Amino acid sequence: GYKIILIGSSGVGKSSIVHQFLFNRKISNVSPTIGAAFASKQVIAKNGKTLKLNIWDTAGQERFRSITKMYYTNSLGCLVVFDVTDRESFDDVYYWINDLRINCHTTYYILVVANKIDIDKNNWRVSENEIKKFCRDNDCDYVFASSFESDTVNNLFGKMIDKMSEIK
């Protein structure tokens, strides 16, 4: 299968994005087990390739900046999530992408997710122009999302699935 990992600072919505993609709702009393994938999902890409996605989510250990080698290793895709209203979580994106790249050299596609767009724009602390510039300077892609807007979650996983489907 294809290992896809979620990274990003605490509380940005990593688990909620995963639950929306897998369950169309938040399951309130389930959390990932350390050292293993949270869930796998069979998908059919636009090109008709069938892919087994193996989705890794943290169990809260990102609060300590303590993601292990084995969490990162063998990843083919990575979603780097931040919260548009949380400036520190955006500033951390640089750290997270660097940490991924020192621990894993197999990542084919890195997608920055600017999450929580459901919140009033008066509370946003980052502009699209800054996100565009950061992703240009750091060789990654970006999308806007909200875990409460199913279309945005389908869009971000769709971009990831289509990139994974191109791997030979």
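One-based numbering along the sequence shown.
Averaged over Cα atoms, the B-factor as recorded in the entry is higher for 62-70 than for the other of 48-56 and 62-70. Of the two segments examined, 38-46 and 115-123, it is 115-123 that shows the higher average Cα temperature factor in the deposited entry.
In this PDB entry, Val143 carries a Cα temperature factor that places it within the middle third of its chain's modelled residues.
Residue-level temperature factors show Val30 in the highest third of its chain, judged at the C-alpha atom.
Ranked by C-alpha B-factor against the other modelled residues of its chain, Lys3 falls in the lowest third. Sort the chain's modelled residues by C-alpha temperature factor and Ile110 lands in the lowest third, per the entry. The PDB entry assigns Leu100 a C-alpha temperature factor belonging to the lowest third of its chain's modelled residues.
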